[PDB]
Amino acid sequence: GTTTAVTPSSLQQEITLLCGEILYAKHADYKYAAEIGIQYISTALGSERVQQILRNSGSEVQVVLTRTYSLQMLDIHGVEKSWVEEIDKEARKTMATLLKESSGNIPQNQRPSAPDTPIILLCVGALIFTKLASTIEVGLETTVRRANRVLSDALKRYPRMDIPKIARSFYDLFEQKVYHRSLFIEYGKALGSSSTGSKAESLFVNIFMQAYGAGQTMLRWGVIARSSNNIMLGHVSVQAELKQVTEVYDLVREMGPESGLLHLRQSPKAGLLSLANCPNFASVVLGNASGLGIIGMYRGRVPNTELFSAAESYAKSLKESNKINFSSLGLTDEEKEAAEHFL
């Protein structure tokens, strides 16, 4: 069957160093950077607990423990030794050079051994994870731009950190190893509970927690359409979808915020989160969002363009006459900023 790496908690310091080495130097290839981040998670949660989590996600993947060898290196299952050795070599070369230029005096928080380097690495992963959780498609480059602002302080400490290539590594990992989405969820839930409130942990938790709302975006926009009193919500073809609209909101009502992860998890009920069974409703919901100015750069499907345009015109006229109560809508801060151009 299929296999994947876990790393025992006894090697937490060593995997921490490897994460730091990824950030610390300008590397040619970041292919397995995301997998190293995952290895840190496994030391945090415990390798046997990871096997449980994967099994429970519906995967029969078998975990294989990381070992050590000397040329001290980590032997990580499914990660080419040449890659790990090259990351380490390039980091150590860079450190030797910089250490000498600074006469042996480099602050801890600029070194690859700084304890928050795995968390920093995982913050890039967290942004890719919340991108993935959303029912609204955005380009990877958009997310990369966001990572640059969010991790501006990390970039001052680690000015050779290659965010776009690290981002691509996490993007690929979540596409190829779907079970590691479930592992990431358990880590985020665990850290949400155990966070010391440090800067790195707080950033991770704040990004991670956005995944729930991201999954529910279109349903939240639906409520916004009603709070906007969009009269196209009364169109005959929309009223006809009442049982389907009911199924959709019954889902989130009964499940609570966890339902936001169904898209990410590729659950059989994920389509509901994208309003797949109620296309006319969806068109009014999207049109209303467009009219309010909160839809951003939406490249997704508009099932009924006439309904969309009508809903958009109506929202827009209410907006232009200052008849929208923007405080009461339940907008995100970014949506508020987009619609009103102040926060």
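Residue positions are given as counts along the sequence shown, with the first one as 1.
According to the record, no deposited residue between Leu242 and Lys243 is left without atomic coordinates. Of the two segments, 53-61 and 312-320, the one listed with the higher mean B-factor is 53-61 (C-alpha atoms only).
With 141-149 and 156-164 compared on mean CA B-factor from the PDB entry, the stretch scoring higher is 141-149. Within the listed group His77, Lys269, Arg220, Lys93, the record reports its top CA B-factor for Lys269. For the set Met255, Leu273, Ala114, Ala133, the PDB entry puts the maximum C-alpha B factor at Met255. In the PDB entry, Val236 places in the highest third of its chain by CA B-factor. Ranked by Cα temperature factor within the chain, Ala33 sits in the lowest third according to the deposited record. In the deposited entry, the Cα temperature factor of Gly296 places it in the highest third of its chain's modelled residues. Among the modelled residues of the chain, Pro107 sits in the middle third by CA temperature factor in this PDB entry.
Sort the chain's modelled residues by C-alpha temperature factor and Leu18 lands in the lowest third, per the entry.
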